[PDB]
Structure formats: C-alpha cells, structure tokens
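Engineer: In the first instance, please consider these chains from the complex; the rest will follow:
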Amino acid sequence: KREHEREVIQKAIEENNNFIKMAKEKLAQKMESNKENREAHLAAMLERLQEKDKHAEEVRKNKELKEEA
Amino acid sequence: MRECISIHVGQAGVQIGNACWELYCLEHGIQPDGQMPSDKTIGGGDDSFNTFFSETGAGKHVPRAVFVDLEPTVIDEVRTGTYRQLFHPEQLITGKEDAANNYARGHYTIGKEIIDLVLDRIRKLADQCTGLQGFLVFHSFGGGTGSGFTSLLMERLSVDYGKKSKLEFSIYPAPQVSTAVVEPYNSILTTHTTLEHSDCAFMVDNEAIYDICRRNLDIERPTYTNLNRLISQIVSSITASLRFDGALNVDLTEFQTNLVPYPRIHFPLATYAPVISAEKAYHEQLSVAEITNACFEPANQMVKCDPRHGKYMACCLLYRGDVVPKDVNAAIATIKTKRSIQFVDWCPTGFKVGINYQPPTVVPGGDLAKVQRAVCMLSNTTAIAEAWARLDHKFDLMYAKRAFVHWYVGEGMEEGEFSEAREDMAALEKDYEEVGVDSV
C-alpha cells in the first residue's frame, strides 16, 4: 500500500510536469513557426519591390540606348 | 491566504476591471485613495478581503490586479480616473499600438513585445501572496488583444504556474455592440488555444446584457458603462465567497467541483436577479422566491440559449443579502414542480446553495436599484453549446470564402491553425451532445 501511495503522488507530479513541458514546447514551436512565416512574407514582398527597381533601372537603360541612336 | 490575482486584458477586460474594482471598494468600504477605516490591522492581515487586496504600510489597500492593453488610451483613463491612486503604476501596462482587431497581432506580432513584461509584473504580485489560489482573466473574445494576447498569456501562465487555477470572464461577441467583422475568427482562435489552459470560463453574451439593460432598466441605447456595471454585479456575486466569509458562505471552488464534470465542459451559464430600476424597485420588495424564480427565465441569462431545450449537469444558487435557508428551500421546491429542469441521468439533481449576508451594493448614480437581496445562478447546461453553434456558423460563412484570412496569414499564421481551431470547436459541440445522451 505504501508503494502504491508513492506511485500515485509520483504520477501526479509526472503529469503536471509533462503538462508544463508540453505547453512550453508548443508555445516555442508556434512562436518560431510564426516568426519564420512572417519574415518569409516580408521577404517575398521586398523581393517583388526590389524586382520592380530592377525593371525601373532597365526601362531607363532602354531610353539611354535609343536617345543616342 | 488563498489570494486571487485578476488580469484584465484589452479594452473590454480593462473597462470591466474598472467596474469590478470600483464595486469591490464600495462593498468593502475602501476609498478611492486606497484607505479603509474599518481595517484596524495596518500593513497586512488575514481578513477575507485580503484575498483581493494587499495592504501597504501606509494603510493603502492595493488591488491584486494587472491591467494590460496594447494601446494606452483605455488604461490612461484608469491612470487619470477616480481610482488612479488605488493602483500602483507598475500594475497598469500599455503599449503604443493595439492589435488592430487581429488575433495574430495580439498573439504574435505586437503581443510578444510586452508578454515578458506582463509576466514579470504578475510574478511581483504572486510573490506577495502567501497562498496564491489562482487567476481571474477578464477579456473579450472578439478583440485582437482580448483574444490574441489573452491566449498567449494563458499559455505562459500554465508554464510559469502549472495547473494552478485559471478562471475566465469572457465577453461573447454580439452584433448590437460589436467592434470588428473578424470577431468570429478571433473568438474561435482564442477558444481553441485557451481551452486546455482554462479550468472554468464564465461567458457573457453582450447581446444578453444589452437586452437586459433595455428590458429591465429601460435604457434605449445602453453604453459599455451600463453593461459593465451589470457585469460587475455577476462577477461580484461569483467572487463574494472569496472576498467575504460566513457560516452559509460556500467557497467558489466548491461550486467549481460541481460545475465541471469533464475538463472541456467548463463553461457555466450565469443568471442574475433582480435587475430592476430604482423607479420599479420603489415600494417593491422582491422576495427570495421571486428572485429565485427569475433565475430560470431565459431572459435573465448572461448567454442567450434555451436551457429548456437542453439538460442540466449542475445548478448552483449564490444568494447575497437578507436570505435564510428556510426561504431558499421553499423557493426551490416550488420551482422543481413548475419549471423545465431536466438533469442528465449521471448526476444528482440537487441544487447547491450558498448565502453571503453582505447585501448587494450599487454604484451611486448608477441605473441599478439597491435591493435587500440578490441571487446568481451558475448552471452547467448543454444548452450553452448553442452559443458555440451560432459563433461557429459565423466562422464558417467567412472561412468558406477565406475572407479576411490574408490579414492573419500576413502576420505569420497558417490556414492550418484556422481549420485546427474550427475542428476543435466541432469536437466541443460533439462533446456537449455526448454528455447529454442517456446511459445504456
């Protein structure tokens, strides 16, 4: 009976510690996944905008080509 | 001992916190400067009201509360309001930019910049407690902060405080006094995220409170102040057992044992009576039987649903004022034979009764009449799933077209979280159906 009493209080501690561990890992995963996703969206937006600057630096390149002809 | 720390998140949580703490001071005789002449022990004490108020050496009674909002405007009113001296400045935490009604900004983008600071302040309050019992979290479902930051805070509190009790006072969105069109999204996301981290959640449907103020107080266009003063009465009844003490007083956790048969079934339905104006309460003394009977009228419930169409799993009656058990038993006997009270076959049908002798208090100049006695009923009924169904249906209409989802994905969330949250809500609705089915 004393052995069972130890096992019950040890099981209660294990399940409370596991609950704290599961929450800490779940939150760490979500915050890391969110940071990667949001950065990837901002990087994609800047990629399109920086590509537009490449197209702008190229349109001006065509006019300088034809004005000297 | 058994201190309770209140956390008020977002505009709805903060403003309800203003009404609740103002009502607490009136009930306990605390002046706006924090002084309580009736308290003869200076700098501390083990009185019942010390579960909600800490005492300084100067005799100031300081609420065990933290007010959090991602924008300063609502909390700045606390900082300059009538009860400004009641709160230490560290208890009032603000950012510079709110969540823009976006759960993702409340939970991830804006919230993560202040979440550590909030936890440090909560830790400061917790270290002042000899016997910290749990937390009361006040927030709205529909706000970006009230949904996003609350769920982040709830997850962090589970890590920092384990399975220590966390009770919710949640504002259920209503179109009459709504704020955003994406509130069904925020409500489902926060309910899914908080579900395993909350032990008990008292939902308040803004439409139900709006209807009660219009009907029972003859207010054509009720304000947030009107709703909050009524909400604070329900909150005061629930917390009265912790803040007061008596022979017939029954602790809230003892009610919580009856209210939660399964971990996910922890959304009690609250009903309050009497809600009456001073003009109608004049020369009208409402008896124990009359207010008890009003608890089973659906028009007095905090969440619009029909308990007659569902099954009861618990029924608790929290009386305050001039009430004796003899009247309560007679009142309950009449109701049992005249009302549609069907219990599930796996729980006893008895009613659990608590009585606080401290009479209800009203805010001077308010629209609620001061009555000799009042009662709040906390029932666990399957009918509250109707609130989830209506909310989940509004979610389905928008998510079928993926409308407004890009505002959430742009902040780092994924479509998988939406469907995962909605499926969790579908599981909750199925769980409420299952508990109501009779045994084989």
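Structural biologist: Everything's here; your move. Residues are numbered from 1 along each chain as shown, chains lettered A, B, ... in the order given.

Engineer: Count the residues that sit near residue B:184.
Structural biologist: Using other Cβ atoms under 10 Å in any protein chain shown, residue B:184 has 23 neighbouring residues. (C-beta placed from N, C-alpha, C; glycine too.)

Engineer: Can you give me the distance of it to residue B:264?
Structural biologist: 20 Å (Cβ to Cβ, to the nearest Å).

Engineer: Equivalent analysis for residue A:58, please.
Structural biologist: From residue A:58 across to residue B:264, the span is 60 Å (Cβ to Cβ).

Engineer: Report how many residues lie close to residue 10.
Structural biologist: If you meant another chain, say so; for now it's chain A. By other Cβ under 10 Å, the residues close to residue A:10 number 10.

Engineer: wait, I meant chain B there
Structural biologist: 30.

Engineer: Residue B:148 is in contact with that one, correct?
Structural biologist: No: the pair residue B:10 / residue B:148 is not scored as a contact, 9.2 Å apart, by Cβ atoms under 8 Å.

Engineer: Any idea how many residues pack against the nearest residue in space to residue B:144 that is not next to it in sequence?
Structural biologist: With Cβ to Cβ, 6 or more residues apart in numbering or on different chains as the criterion, residue B:144 has its nearest non-adjacent residue at 2.7 Å, and that residue is residue B:99. Counted with other Cβ under 10 Å, the burial measure for residue B:99 works out to 28 neighbours.

Engineer: Same check on residue B:335?
Structural biologist: Residue B:335 sits with 17 neighbouring residues when counted by other Cβ under 10 Å.

Engineer: Next: residue B:100.
Structural biologist: 18.

Engineer: Ok, residue B:408 next?
Structural biologist: 24.

Engineer: Stretch B:418-433 and chain A, are they touching?
Structural biologist: No: in terms of Cβ under 8 Å from any Cβ of the partner chain, no part of stretch B:418-433 sits within range of chain A; the closest distance is 11.4 Å.

Engineer: Off-centre distance for that stretch?
Structural biologist: Relative to its parent chain, stretch B:418-433 has a centroid offset of 22 Å by Cα atoms, centre = their mean, to the nearest Å.

Engineer: Please enumerate residues in contact with it?
Structural biologist: Stretch B:418-433 is contacted by residues B:185, B:188-189, B:191-193, B:195, B:262, B:264-265, B:382, B:384-385, B:388-389, B:391-392, B:395-396, B:399, B:405, B:408 when judged by Cβ atoms under 8 Å, 6 or more residues apart in numbering or on different chains.

Engineer: Could you check which residue of chain B lies nearest chain A?
Structural biologist: residue B:412 (3.5 Å; Cβ to the nearest Cβ).

Engineer: Could you measure from that residue over to residue B:264?
Structural biologist: Relative to residue B:264, residue B:412 is positioned 28 Å away (Cβ to Cβ).

Engineer: neighbour count winner among those two?
Structural biologist: Legend: neighbour count by other Cβ under 10 Å for residue B:412 and residue B:264, higher for residue B:412 (23 against 16).

Engineer: So the more buried one sits against residue A:31, correct?
Structural biologist: No: between residue B:412 and residue A:31 no contact is recorded; they are 9.1 Å apart, counting by Cβ under 8 Å.

Engineer: how far out from the middle of the chain is stretch A:3-21?
Structural biologist: Here the centre of stretch A:3-21 is set off from its chain's centre by 34 Å, with Cα atoms, centre = their mean.

Engineer: what about it and chain B, any contact?
Structural biologist: Yes: counting by Cβ under 8 Å from any Cβ, chain B has neighbours in stretch A:3-21: A:16, A:19-20.

Engineer: Now restrict the residues you listed to buried residues only.
Structural biologist: With burial judged by 16 or more other Cβ atoms under 10 Å in any protein chain shown, the buried subset of those is A:19-20.

Engineer: From the residues of stretch A:3-21 next to chain B, pick the one nearest residue B:46.
Structural biologist: residue A:16 (28.1 Å; Cβ to Cβ).

Engineer: could you also fit chain C onto it:
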Amino acid sequence: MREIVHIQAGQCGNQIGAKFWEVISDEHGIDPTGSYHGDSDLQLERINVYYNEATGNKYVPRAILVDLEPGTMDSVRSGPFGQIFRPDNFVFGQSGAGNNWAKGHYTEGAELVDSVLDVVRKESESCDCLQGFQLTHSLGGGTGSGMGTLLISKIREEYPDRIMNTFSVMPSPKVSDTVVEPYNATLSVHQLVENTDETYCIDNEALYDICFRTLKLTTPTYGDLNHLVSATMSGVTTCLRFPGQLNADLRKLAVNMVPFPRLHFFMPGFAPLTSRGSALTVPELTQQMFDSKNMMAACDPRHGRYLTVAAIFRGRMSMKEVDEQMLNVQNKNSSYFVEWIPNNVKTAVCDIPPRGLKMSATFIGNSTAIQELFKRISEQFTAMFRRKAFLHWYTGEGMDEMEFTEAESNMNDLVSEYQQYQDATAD
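Structural biologist: Once chain C is put in with the chains from before, the structure reads:
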C-alpha cells in the same frame, strides 16, 4: 499617438490636398499661420494624427508636396493656407511630366523620387507610432499617376509594415479631353492593386454628374469638383481626426473593409448634396447616402453586392434613430449585401459636423459594383491599344507592349475577381 504622413503629388493631388488641409484646419481651429484659435478641446485630443507640434504652439501639417513642375507648387504656397506648410517639404522638379505615365514612373519622377523619400524619412522618423501614408493624386496626368505609384513602391520598400492609403482620382472624358488618360489610369491601377492597402476611388465622371445633375451646374469647374472631394476627404478621415469609442486608425479600417487584399477599392458617398438656392432628418440622410446619385464613383450599387460598408454620421442627432435607420436599410436591401460576411456594415457618430452643416453622412463601401468604374477605363484603354495609338509617348521612355498588356490583363483579372464574389453565395 498614431501619426499619418500625407503626400500630395501632381497638379490634382496638390489641389485637392490643399483643400483637405484648409477644411480640417478650420474643423480643428487652425488658422493659416498654424496657431490654435479653437473653442473645444475635442479638436486637439487627436490633433497630432495629421499635424506636428512645433515651437510656440504652431501646428504644422505633416504633409509633403510633390510635382514635376513648380506651377501648382507656387499657387498652393500663395493660397490661403500656404504659409502653414513646412517650407522644406516642397519638392518640385522642372522638366515636367507632360501627362506621361512613363516619365513620372521611370524617367523624370525617378530623378526626383529619391529626394522625395528623404523628406518622407524625416517626417516618419519624427513619429511616435506611424500609422502609414495617404497619397492624393490623379490617374490621368503624369506626376500623380506615374511618380505617385513609383513613390508607393519605394515607400512600401522601406515601410512594408505600414498602411498605404491613396485618394486616387479617376480620369473622365467629361472632365479632361487628354487622349492618353486611359493609358495612365490602367498603368496606375496595375500598380495600386499590388502596393496599396486601401484606395478611395474618386471618379471625376461621378463628380461631374453630381455637379451637372444634382448641383444643377451647367459648367462645372475644378473648384466645384474639389468641393465634393474636400467634403468626402473630411468625412472619411473624421474618425481618424476626432475622438470616440472607435479609436480609429488606418489598419483597423483595412482589416475590416478588405476581405481579400486585391479588392481594396472603396466607393465613397456623401450626403446631403444640396445646391445654393434650394431640416434634414436621419431617415432621409441614411437613404440618401445609399443612393446611387450620392456616390463619388460612377457605379450603381444595385448592380452589385456590398462586401463591407462603413458609415459616418456627423452632427448632433439621435443615436438610437441612426441605429434603427441603418438596420432598416440593410433589411430592406438585404439582397445587395453578401451573406457570407456577417455584420458587414459599421456605423459611427461624431458630434462635430462639417463647416456650414448641421448633419451629414459620409459613405465608405467595398462594393463589387466598383467593377463598373474599371470596365469604363478598360473599354477606353483597349479602344486605343487595339490601334496602338499614342504608344510612342511611352515606348520612347523605355517601355514596351508587355507592360501595357500586363496592366490590361491584371485590371481585367481585377474585374473578374469582383464578379466572382458578387456571384458567390453561402450555400
């Protein structure tokens, strides 16, 4: 607080922008020298949204004036409120745009865009919490349409997490006879779809029709049209400038009004629209702001469905009446509101009415009927593009037929997207 940076580009943008600053300064009690001679403290609670606090209680508009020729620039400085603007915020070129989109976007505006961004950087760095940017411009000229969209992309590059708002003026044959205006608008629309969070469609055809039909003006001038624009801009910014339970900002408007990022083109509406030489009630005011004749875009809302609607009532009036009337119009016209967006109509009441009015109402709607405005521009575009008329203006600046075709197809895709959600149902 929440600060907004204002940018006016081109002749049209600088003209309507100046009138905007004149009206709101009077609403906030600001004289042309920048001092506060107002009567109510409600005019200064949210004053720093558009103004800066200088030395000696001088409120300076947080505005930047841009043009490729100093013509419109010098007339604004010599106007009534020309001395309130910060002198260093006047950024004007010399070569001019000549109503050429390629000049403003690629050739001439690019030579000046870097100097404009420097003034933007100074103003944005001085903000405690920058909301975003509002741009007043036209889609028919060269500087407003070409350099205006180039500024948007450049600002979006350094401030990708800030809201981009535009007051875009649509070209109309009834107002300007410039033939290359359908080209300038389509190229600009191809830019506004990709790089703006919210755009107010100020249609000159609708403005001309309001003046000609309702105002009974035989010969409407630009001042007559701008009187409609100034009232519209005063309204749609009232919740930004005045306090209330709303705590309105640019992002909250975008989140609740824009169900899909590309469909961010709003149809403004104003009421009452009375003429000089003619007591309005709330039911008459609500029904008037939902009327097709009161729309600042030449679109019939009965020809489409409302995705989202935001309404503002200015003046001392019964709030209970406004709630009933706004509910009344939704019930009687439930077919014209999408069923898959619950509670898609928002209402606010402001106690401060505009100058010279007791009550008013300004309408912001995201209606699928806005495709009527885009169809007209597309029809005028493809009529010339099929003949390849006046293409030497743009090809000589470095462009080719690909950019025109991409602009045409993208705007054609925009209309079909507005049609997709008009035909969408709940079941």
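
Engineer: again for the neighbour count of residue B:100, chain C present now?
Structural biologist: Around residue B:100 there are 27 residues (other Cβ under 10 Å).

Engineer: my guess is residue B:124 meets residue B:88, correct?
Structural biologist: No: if you go by Cβ under 8 Å, residue B:124 and residue B:88 don't touch, sitting 9.5 Å apart.

Engineer: Mind checking which of these two has more residues around it?
Structural biologist: A count of neighbours by other Cβ under 10 Å puts residue B:88 above the other of residue B:124 and residue B:88, at 16 against 13.

Engineer: pretty sure that one is touching residue B:61, no?
Structural biologist: No: in this structure, residue B:88 is not within contact of residue B:61 by Cβ under 8 Å, at 11.9 Å.

Engineer: how about the helices in chain A?
Structural biologist: All helices of chain A, identified by DSSP state H, fall at A:2-67.

Engineer: Would you map the helices across the stretch 251-400 of chain C?
Structural biologist: Ranges of helices in the stretch 251-400 of chain C, per DSSP state H, counting those that start in this stretch, are C:282-289, C:319-332, C:371-387, C:392-395.

Engineer: can you list the residues that contact the longest one?
Structural biologist: By Cβ under 8 Å, 6+ apart, the list of residues contacting helix C:371-387 from outside reads C:170-171, C:173, C:179, C:181-183, C:185-186, C:189, C:201, C:203, C:205, C:265, C:297-300, C:303-304, C:390-391, C:404, C:408, C:411-412, C:414-415, C:418-419.

Engineer: Report whether the lengthiest helix in chain B contacts chain C.
Structural biologist: Counting by DSSP H, the longest helix found in chain B is helix B:415-436. No: counting by Cβ under 8 Å from any Cβ, chain C is not contacted by helix B:415-436; separation bottoms out at 14.3 Å.

Engineer: And that helix, what's buried?
Structural biologist: Using 16+ other Cβ under 10 Å as the test for burial, helix B:415-436 gives B:417-418, B:421-422, B:424-425, B:428, B:432, B:435-436.

Engineer: what's the angle from that helix to helix A:2-67?
Structural biologist: 150 degrees (axes from the mean of the first three to the mean of the last three Cα atoms, to 10 degrees).

Engineer: Can you point out the buried residues in stretch C:370-378?
Structural biologist: Under the neighbour-count criterion of 16+ other Cβ under 10 Å, stretch C:370-378 has C:370-374, C:376-378 buried.

Engineer: ok, now stretch A:7-19?
Structural biologist: Neighbour-count burial for stretch A:7-19 [16+ other Cβ under 10 Å]: residue A:19.

Engineer: which residues touch it?
Structural biologist: B:158, B:162-163.

Engineer: Now those in JSON lines, please, with extra columns for secondary structure, neighbour count and distance to chain A.
Structural biologist: Shown next, in JSON lines, are these (DSSP: H, G, I helix; E, B strand; the rest coil; neighbours: other Cβ atoms under 10 Å in any protein chain shown; distance: Cβ to the nearest Cβ, whole Å):
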{"residue": "B:158", "secondary structure": "helix", "neighbour count": "23", "distance to chain A": "5"}
{"residue": "B:162", "secondary structure": "coil", "neighbour count": "12", "distance to chain A": "5"}
{"residue": "B:163", "secondary structure": "coil", "neighbour count": "13", "distance to chain A": "6"}
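
Engineer: Can you name the residues of chain A sitting close to chain B?
Structural biologist: By the rule Cβ under 8 Å from any Cβ, the part of chain A lying against chain B is A:16, A:19-20, A:23-24, A:26-27, A:31, A:33-38, A:41.

Engineer: now with 6 Å?
Structural biologist: Within chain A, the residues that sit near chain B (Cβ under 6 Å from any Cβ of the partner chain) are A:16, A:20, A:23-24, A:27, A:34, A:37-38, A:41.

Engineer: Show me the contacts of helix C:371-387 that map onto helices.
Structural biologist: Using DSSP H, the contacts of helix C:371-387 in helices are C:181-183, C:185-186, C:189, C:205, C:404, C:408, C:411-412, C:414-415, C:418-419.
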